[PDB]
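A.B. asks:
Protein chains: 2
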Amino acid sequence: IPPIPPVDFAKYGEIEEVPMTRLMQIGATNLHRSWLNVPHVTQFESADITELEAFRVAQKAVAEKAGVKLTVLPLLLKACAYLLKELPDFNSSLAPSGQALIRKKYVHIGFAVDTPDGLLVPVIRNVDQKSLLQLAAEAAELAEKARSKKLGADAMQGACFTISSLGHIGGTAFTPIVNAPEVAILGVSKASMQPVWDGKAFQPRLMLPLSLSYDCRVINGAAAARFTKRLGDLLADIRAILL
Amino acid sequence: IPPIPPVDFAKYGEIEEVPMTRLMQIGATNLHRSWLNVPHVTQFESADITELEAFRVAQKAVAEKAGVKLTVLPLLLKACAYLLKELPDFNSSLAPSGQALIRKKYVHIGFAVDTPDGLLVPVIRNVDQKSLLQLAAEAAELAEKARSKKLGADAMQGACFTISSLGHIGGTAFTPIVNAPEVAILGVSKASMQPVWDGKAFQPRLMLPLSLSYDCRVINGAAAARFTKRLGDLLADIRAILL
Numbered sequence: 395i396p397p398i399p400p401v402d403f404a405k406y407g408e409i410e411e412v413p414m415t416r417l418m419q420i421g422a423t424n425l426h427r428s429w430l431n432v433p434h435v436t437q438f439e440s441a442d443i444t445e446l447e448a449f450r451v452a453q454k455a456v457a458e459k460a461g462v463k464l465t466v467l468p469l470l471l472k473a474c475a476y477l478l479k480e481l482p483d484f485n486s487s488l489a490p491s492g493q494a495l496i497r498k499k500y501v502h503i504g505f506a507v508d509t510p511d512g513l514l515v516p517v518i519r520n521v522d523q524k525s526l527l528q529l530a531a532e533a534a535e536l537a538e539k540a541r542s543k544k545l546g547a548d549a550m551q552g553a554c555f556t557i558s559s560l561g562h563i564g565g566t567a568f569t570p571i572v573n574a575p576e577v578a579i580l581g582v583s584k585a586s587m588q589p590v591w592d593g594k595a596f597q598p599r600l601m602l603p604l605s606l607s608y609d610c611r612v613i614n615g616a617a618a619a620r621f622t623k624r625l626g627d628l629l630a631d632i633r634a635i636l637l
Numbered sequence: 395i396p397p398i399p400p401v402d403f404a405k406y407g408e409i410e411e412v413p414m415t416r417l418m419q420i421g422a423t424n425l426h427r428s429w430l431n432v433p434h435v436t437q438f439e440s441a442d443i444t445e446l447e448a449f450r451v452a453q454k455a456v457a458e459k460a461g462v463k464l465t466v467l468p469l470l471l472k473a474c475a476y477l478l479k480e481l482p483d484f485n486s487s488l489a490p491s492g493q494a495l496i497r498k499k500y501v502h503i504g505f506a507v508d509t510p511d512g513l514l515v516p517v518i519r520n521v522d523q524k525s526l527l528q529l530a531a532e533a534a535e536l537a538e539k540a541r542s543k544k545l546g547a548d549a550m551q552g553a554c555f556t557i558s559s560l561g562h563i564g565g566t567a568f569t570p571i572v573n574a575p576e577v578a579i580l581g582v583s584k585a586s587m588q589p590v591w592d593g594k595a596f597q598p599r600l601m602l603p604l605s606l607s608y609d610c611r612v613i614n615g616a617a618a619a620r621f622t623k624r625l626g627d628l629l630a631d632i633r634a635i636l637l
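Top line first, the protein sequences correspond to chains A and A'. A prime marks a further copy of an entry chain.
Under the entry's author numbering, the first residue of the first sequence is numbered 395, with each subsequent residue one higher.
Under the entry's author numbering, the first residue of the second sequence is numbered 395, with each subsequent residue one higher.
1. Relative to chain A', which residues along the stretch 510-530 of chain A have a C-beta separation below 8 Å, given in chain order?
2. Since A/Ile635 meets chain A', which of its residues come closer than 8 Å, beta carbon to beta carbon?
3. Does A/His502 pass the burial test, meaning 16 or more other C-beta atoms within 10 Å, or should it be called exposed?
4. Assuming A'/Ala585 contacts A'/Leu604 under a Cβ cut-off of 8 Å, what Cβ separation, rounded to an integer in Å, is found between them?
5. Taking the alpha-carbon positions, what's the A'/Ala457 to A'/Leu529 distance?
6. If we cut at 8 Å on Cβ distances, does A'/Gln453 have a partner in chain A?
7. For A/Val521, tell me which candidate among A/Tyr500, A/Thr566, A/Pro490 and A/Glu538 has the shortest Cα-Cα distance.
8. Taking 8 Å as the cut-off, decide whether the C-beta atoms of A'/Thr569 and A'/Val515 are in contact.
9. Could you pull out every residue in the same chain whose Cβ sits closer than 6 Å to the Cβ of A'/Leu470, ignoring the five residues on either side in sequence?
10. Taking the straight line between their C-alpha atoms, what separation do you get for A/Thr436 and A/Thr423?
11. Which residue marks the beginning of the alpha helix (DSSP H) containing A'/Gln528, and which one marks its end?
12. Beta-carbon of A/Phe621 versus every beta-carbon of chain A': anything under 8 Å?
13. Consider the Cβ of A'/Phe449: report whether some Cβ of chain A lies at a distance smaller than 8 Å.
14. Would you verify that the beta carbon of A'/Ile632 is, or is not, closer than 8 Å to some beta carbon of chain A?
15. Here's the rule I'm using: 16 or more other beta-carbon atoms within 10 Å means buried, otherwise exposed. How should A'/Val507 be labelled?
16. From the DSSP output, which residues share a beta bridge with A/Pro603?
17. Taking 8 Å as the threshold (beta carbon to beta carbon), is A/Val590 in contact with chain A'?
18. Cβ-heavy atom distance between A/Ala489 and the ligand MN below 7 Å?
19. Are the Cβ atoms of A'/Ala475 and A'/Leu629 separated by less than 8 Å?
20. Do you know offhand how far A'/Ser542's Cα is from A'/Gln453's?
21. Which residue from A'/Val517, A'/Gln493 and A'/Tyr608 puts its Cα closest to that of A'/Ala537?
22. Could you tell me which residues DSSP pairs with A'/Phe484 in its beta bridges?
23. Using DSSP's beta-bridge definition, name the partner residues of A/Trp591.
24. Would you please state the rounded distance, in angstroms, between the beta carbons of A/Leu636 and A'/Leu526? I believe it to be under 8 Å.
25. Buried or exposed: which applies to A/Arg497, given that a residue is buried once 16 or more other Cβ atoms fall within 10 Å of its Cβ?
26. Find the residues of chain A that neighbour A'/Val456, judging by a C-beta separation of less than 9 Å, and give them in chain order.
27. In this structure, does DSSP put A/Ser428 in helix, strand or coil?
28. If contacts are defined as beta-carbon pairs under 8 Å, then A'/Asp548 and A'/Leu417 qualify, I think. What distance do you get, rounded to the angstrom?
29. From the DSSP secondary-structure annotation, give me the bridge partner or partners of A/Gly552.
30. How about A'/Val466 and A'/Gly561: are their beta carbons less than 8 Å apart?
31. Using 8 Å as the threshold, is the C-beta distance between A'/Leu481 and A'/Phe621 below it?
32. Given A'/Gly626, which residues of its chain have a CB within under 8 Å of its CB, disregarding the five upstream and five downstream residues?
33. Buried or exposed: which applies to A/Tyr608, given that a residue is buried once 16 or more other Cβ atoms fall within 10 Å of its Cβ?
34. Measure from the alpha carbon of A/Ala553 to the alpha carbon of each residue in A/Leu478, A/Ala618, A/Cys610 and A/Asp592, then state which is nearest.
35. Quick check: A/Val612 and A/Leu495, are their CB atoms within less than 8 Å of each other?
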C-alpha cells in the first residue's frame, strides 16, 4: 500500500510527541488488518424500544435486589443470541481456504469496553444459555476487570459477534469495523423520542439506532437487512424470544 | 368409613342402569383416595392477562406457520415451570415415612384432558426446557392421542404438578382435587373483562380466574398465597421469565 509522505509538523507550529500504549498499537494493527481484509457494508435500522424501556425500568427493584444494574446491553445480548441461532451465517467465519464457512454451534458475544489504555472486548460465553440478570452481572464484572487491567487474555477470545454500544455518550449512528475473523458487529447509538406514523397520526416512540457492519463476502445485502429487521422486531417485543 | 345406605331407586320411578368404563372406575378410586388422604385448601386469585392475550393473538401467524395453535395452556405451563423452580416445595411429594419431603429436581407437568371414556392427564416432561411453540405442539399431540385411546401409560407418569383448564367451557372458579402424590393442582376458569381500579378510575382488564388447591400438610396458607400471587405477576408480564 503506498505510504503516507512524512510531514515536518514542527514547520507549522509547536508540537509535542506522546507515545502509544502497547494496547493502542495492538488495536491499531488489528483494525487496519480488518479494514484491508474485509469489504465492509453498514446496514442501518432503528428499533422501537418503548416497551423494552418500560420493562427495564420496572425491573429496577429485582435487578437491585440481585446486585446488578439492568441496562440495555443484557437485552441486546439475549436478542442477538437468539438471532445468531436463527440466522447461522452470522455466527460463522470464513475458512482460511476462502472456499468454506466454518459455522459455529456455540454463541459467545464480545462487547466493546473503552478503557484508558485502549479498547478491550471481553467475551461472554454461551450468551444463549444465560438469563437477563446473569448476563447483567457478567457484563458488569468483565467491564470492571477490563478497566482495572485484571482481564486475563482468555476472556478476549473466541467470540462469534461483537456489540459496540455508544448510546451512553451520544450519536445518531456510526459505521463500526468488523473484528475479523468474525463476520459482523452491531453498533448501538443513543435512543431518542421520534414521531412514528400509526397509520393515522404521529405517535412518539422511543427509537434505538442500530448499525450493523458486515463482511459482504459472506453476508449479502438482503441477509443483512433481514437480520436488522428481525432484531428490530425482537426488541420491539422481547417476548418473541420465548416461543 | 360408614357406607351410604342402599336405596331402591325404582320405588320413585323408572330407572335404567348404565355401566362405568374401567377408566371411570380407575379415576373414581384415585380421587377418593386423594380426597381421604390429602387435607385440601383452595387458594383463589385472578391474573391480569390483557397483555398476554394481545401477545397470543399477535403470534397467530408464527404459530400457524409452525402448525401449532398457540392457546393459553403453553403460557400457563411455562410460567408454572418457572415458578416450580422458584418455590421448590410445590415441586415435591411427601415421603411414605410422613417425615420427609422428596424434592424433585425435574419439572414435568400434567394437564387434564377430558375424553369420552373419562379424564386423562398426559404429562409433558421437562416443561422448563421447552419453548412456547414446542409446548404448544406437544400438548396438542398428547391431547389427540388421549382422545384416540393411543396414549401409552408411560405418558401418564411422574408428573410434578397438574393444570386443569376449564376456561374453554365456563365458570368463575372451582375447587380441584390434588392428584396425590403431587402436592398442588392449578384450576383455570373463563377469562372475562373486569373493572380494575387504576388508582383513579376503573379500567377494563381481562382477568383469568386461578384456583390453586394444595396439600396443606406440606404447603401452608401463606406459601400458597405467595405462589398464586407470583403466578398472577408472571402472567401479567411474561417477560419476567426472561430474567
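Even for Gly, the Cβ is constructed at its ideal location relative to N, Cα and C.
C.D. replies: Inspection of the coordinates gives the following:
1. For the stretch 510-530 of chain A, the beta-carbon criterion of a distance under 8 Å to any beta-carbon of chain A' is satisfied by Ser525, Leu526 and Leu527.
2. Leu636, listed in chain order.
3. By the neighbour-count rule (16 or more Cβ atoms within 10 Å), A/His502 is buried.
4. About 11 Å separates the beta carbons of A'/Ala585 and A'/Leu604, which is beyond the 8 Å limit, so they are not a contact pair.
5. Separation of A'/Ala457 and A'/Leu529 (C-alpha to C-alpha, rounded to the nearest whole angstrom) is 12 Å.
6. Taking 8 Å as the threshold, the shortest C-beta distance from A'/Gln453 to chain A falls below it.
7. The shortest C-alpha separation from A/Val521 is found at A/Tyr500.
8. Going by C-beta atoms, A'/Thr569 is not nearer than 8 Å to A'/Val515.
9. Apart from sequence neighbours up to five positions away, the residues of its chain that approach A'/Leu470 with a beta-carbon distance below 6 Å are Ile557, ordered along the chain.
10. Approximately 22 Å, taken between the alpha carbons.
11. First-last of the alpha helix (DSSP H) with A'/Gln528: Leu526 to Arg541.
12. Not one chain A' Cβ lies under 8 Å of A/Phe621.
13. At least one beta carbon of chain A lies nearer than 8 Å to the beta carbon of A'/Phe449.
14. True, the Cβ-Cβ gap to chain A drops below 8 Å.
15. Buried, because 16 or more other Cβ atoms sit within 10 Å of the Cβ of A'/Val507.
16. Residue pairing by DSSP places A/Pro603 opposite A/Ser440 in a beta bridge.
17. No, because no Cβ of chain A' sits closer than 8 Å to the Cβ of A/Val590.
18. Only the bare structure without any ligand can be found here, which leaves the ligand MN out of the picture.
19. For A'/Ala475 and A'/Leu629, no; Cβs fall outside 8 Å.
20. A'/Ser542 and A'/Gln453: Cα-Cα distance of roughly 29 Å.
21. It is A'/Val517.
22. Bridge partners of A'/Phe484: none, in fact.
23. Bridge partners of A/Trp591: A/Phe596.
24. Rounded, the Cβ-Cβ distance is 5 Å, consistent with contact.
25. Answer is exposed; the Cβ neighbour count stays below 16.
26. Correct list: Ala634 and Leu637.
27. A/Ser428: helix per DSSP, three-state reduction.
28. Contact doesn't hold; Cβ gap of about 17 Å is too wide.
29. In the DSSP secondary-structure assignment, A/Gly552 is not bridged to any residue.
30. Their beta carbons are under 8 Å apart, which means A'/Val466 touches A'/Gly561 by this criterion.
31. With contacts defined as CB atoms closer than 8 Å, A'/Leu481 and A'/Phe621 qualify as a contacting pair.
32. Within the same chain, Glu439, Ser440, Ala441, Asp442 and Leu604 come within 8 Å of A'/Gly626 by CB-CB distance, once the 5 residues on both sides are set aside.
33. Buried.
34. Proximity to A/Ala553 across A/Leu478, A/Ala618, A/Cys610 and A/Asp592 peaks at A/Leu478, based on C-alpha coordinates.
35. For A/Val612 and A/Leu495, yes; Cβs fall inside 8 Å.
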